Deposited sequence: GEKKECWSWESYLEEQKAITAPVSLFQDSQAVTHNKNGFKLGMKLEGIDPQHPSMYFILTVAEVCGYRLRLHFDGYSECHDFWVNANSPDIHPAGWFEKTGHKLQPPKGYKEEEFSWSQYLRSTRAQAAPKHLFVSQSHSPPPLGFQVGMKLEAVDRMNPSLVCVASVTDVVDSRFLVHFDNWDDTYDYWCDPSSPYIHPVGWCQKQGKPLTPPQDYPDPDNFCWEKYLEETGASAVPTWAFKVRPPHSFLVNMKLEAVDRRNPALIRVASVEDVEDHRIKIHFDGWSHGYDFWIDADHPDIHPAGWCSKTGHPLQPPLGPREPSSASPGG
């Protein structure tokens, strides 16, 4: 007999995370996935979020797709949801003044969609498949303080370097742009210039800044203005409680989604445990991350769901 949530919840005496705790985009099950194998498009490199590449749909599964970097190895392939704001239709970089990192084999000047499509005999994913007005008060060139998410104990001097639809790219002055990340005005990882001084927290200055540093001086040195204080919005803390159950993508094998439980909570983050598995794979994740979903999301969208790991298996709990 088919595994099911209804059945597992009774066996376990457990509850699911209510749909209302999730963002609409994490919850929505009724949109169709119109992406097909072979369709071509543009997208940010998730491991280098300031860069745009040409991408091909390598696989479709329920409401998700596996994207491949044209010309490059399969080892960089990655997964997104069909409502990803981090992909764009063919032509987007040109119309929005963004730069392209071309497919392997091509110098940048030698790239043109119309020739490439002919050369590869492939179709552009149509524009209507893609979700992606501006974030009030965040403009390119403005400066702010922001948590390095690779080193979360550090709040650092930062600038806005890209604005795309309702989001902006946070960049860390004079550090490599692999540390960049996208967010919106409600992000709890960003703060106005001066926050650290006001809170007593230490501030990480620009890399190799002479004599670590004063904001007023640095704003004058650069002629940049601070993101204004009114622009920052407080996101409410999430309402996920410990033991609530949900579905989460497996970070070790991104293709798979598993039955999951909330192991721990912060204001803005949940720690996920995969039922039946050792606690060694427990991981923190932002409550707004695209790859957590309520119970039912896989069944309703057409994606396989991994049931809890059997008792006495390798890598199992107890």
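According to the record, C-alpha coordinates are lacking for deposited residues 1-4, 137-140, 221-222, 329-331.
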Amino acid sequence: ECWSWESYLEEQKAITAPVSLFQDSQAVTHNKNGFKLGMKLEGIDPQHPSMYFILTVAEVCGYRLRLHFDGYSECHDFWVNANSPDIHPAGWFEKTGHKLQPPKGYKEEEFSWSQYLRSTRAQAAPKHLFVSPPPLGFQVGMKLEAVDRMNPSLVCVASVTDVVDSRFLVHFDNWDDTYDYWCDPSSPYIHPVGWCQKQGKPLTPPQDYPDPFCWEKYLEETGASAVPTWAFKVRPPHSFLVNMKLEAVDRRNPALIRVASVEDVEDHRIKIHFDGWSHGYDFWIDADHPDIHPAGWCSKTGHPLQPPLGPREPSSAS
From here on, numbers count along this sequence of modelled residues.
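Whichever C-alpha set is largest while still superposing within 1.5 Å between the two forms counts as the rigid core.
Farther on average from this form in 8 other deposited structures of this protein lies stretch 145-153, the comparison being between 80-88 and 145-153 by RMS Cα distance after core superposition. For the segment pair 42-50 and 276-284, the entry gives 276-284 the higher mean B-factor, averaged over Cα atoms. Taking the mean C-alpha B-factor of each stretch as recorded, 175-183 and 74-82 are not equal, and the higher mean is that of 175-183. The PDB entry gives the largest Cα B-factor of the residues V227, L136, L169, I87 to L136. Going by the entry's values, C196 shows the largest Cα B-factor out of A146, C196, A248, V140.
In this PDB entry, the Cα temperature factor of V160 sits in the bottom third of its chain's modelled residues, the lowest group. When the modelled residues of the chain are ordered by their C-alpha B factor, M244 lands in the lowest third. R252: CA B factor lies in the highest third for its chain, per the PDB record. When the modelled residues of the chain are ordered by C-alpha B-factor, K36 sits in the middle third. Per the PDB record, residue ranking by Cα B-factor puts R64 in the lowest third of the chain.
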